[PDB]
């Protein structure tokens, strides 16, 4: 639709040189198409000539022995015009697609080298649509738009130089309609834009009212809001009625008006062509030729104006894609790992971090974990027990202080080794739309289907897995929507178990599980935590009791530490959190 404002690009030539860099490998093929477009566009301006000349040589002089020769010259010229259209058409089809195929390849490989940070900062939906739109937007131009712009320009100039050599006055009479076209086109194009957007505005509002009221219908009824909500819809709707009309009118008067100038042209060429013919100045067949140009200025001109606007727009898109392809990737230092075979000891030393550099989230966090000891991070949301997992998995780098495993800085150890030595289950892990077998294999690729049965058996997953339709090969479409959340957490645990990381940090939700699975879950936990260091999140009453160490966080700081019994008797903040949660003992 009507562009809002011309796109603001930065050094498009550079991005053009760069975009054309994807075209260099197949240059010969491009030149060929360009000449194909050339020859075919000319061949088409010749048609109205020959036909007019055939009227002049065969028909009027009445010599039909010549008819078969002209009618053979067309049957051949036409044949090529379309032979080329099909060539220049298909030649680009595989070319264009081959280009964006590369752009996609690059963009995706880029998606896995680019810091997790970018995924957290902006919503998933809009970064994908904006990227795929630019990728498509560049497809259109590179594949079709560009050639049709060049085709139409060779056609335009051709038909014009031709007309002038045949006749000047008649040429000037036909080109008389050009100013009319351009002027009308521009006036109608401003109204169409104005109301398009004015309508888009009112429509978006009305639409929003619809999406929210249907999504929150229950609430709307609970509060008896129908009358009020109906009126809210009404006032907007009645203004969409009035605007949508204007929007619908201007967007639709151009075709009739462009037609009108096409007929005004026909008339002129007819009323002067036939009046110069009567002065013997021009020939009749010449009129037929000029008639065949009277539709070569209205729309084909606009298509030139619009195809130009679509090419700029495409550059902007390219520019965006290029900037994304230039984002710095995550790279390990030359001297990092590999981590020696260890049991895994962690340590924080005056670590300061914050997603938003402005607002601090952690602050002077310093502690020490011992190989094999279960640890528990407790606190009220807004603490930092969550922001811990990331830093330790080096999804982010610490701003102050330092972290180390087995006595080696986390920033001086290849992320590859770190991620392999550390495991992670989250309150919100993510299953892939695949066979449960494949999901559980995502950790230790190459693990047999017999070893996985035993492994999945030790975490209380084997039972409900066979109890599924199609056993292990079952496809978990839409990321496990057809499973109970408990059963998913179980699977996530079984998966994490197969990676067998020396260090294992996990966060096990308990909000929406059935008591049955609940036992299966905590049982699987203990059989997942054994034999290795585990940093658990505090939701389980029975894990903060067996915790070799509890470390209470608050407002991004370590207020207390020590075992449960120590912390409750200390009358500490831990006591407050615990008694204001398990102060149910008043009953007993």
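Positions refer to the first chain, counted from 1.
A summary of the deposited B-factors shows that, of 108-116 and 177-185, the stretch with the larger mean C-alpha value is 108-116.
Of the two segments, 393-401 and 262-270, the one listed with the higher mean B-factor is 393-401 (C-alpha atoms only). The residue among 198, 238, 226, 338 whose C-alpha carries the highest B-factor in the deposited model is 338. Take 193, 299, 488, 411 and read off each C-alpha B-factor from the entry; 411 has the highest. Placement of the Cα temperature factor of residue 80 within the chain: middle third of the modelled residues, per the deposited record.
Among the modelled residues of its chain, residue 143 has a C-alpha B-factor that falls in the middle third according to the deposited record. Residue 27: CA B factor in the highest third of modelled residues in this chain (values from the PDB entry).
In the deposited entry, the Cα temperature factor of residue 482 places it in the highest third of its chain's modelled residues. Sorting the modelled residues of the chain by their CA temperature factor places residue 55 in the lowest third.
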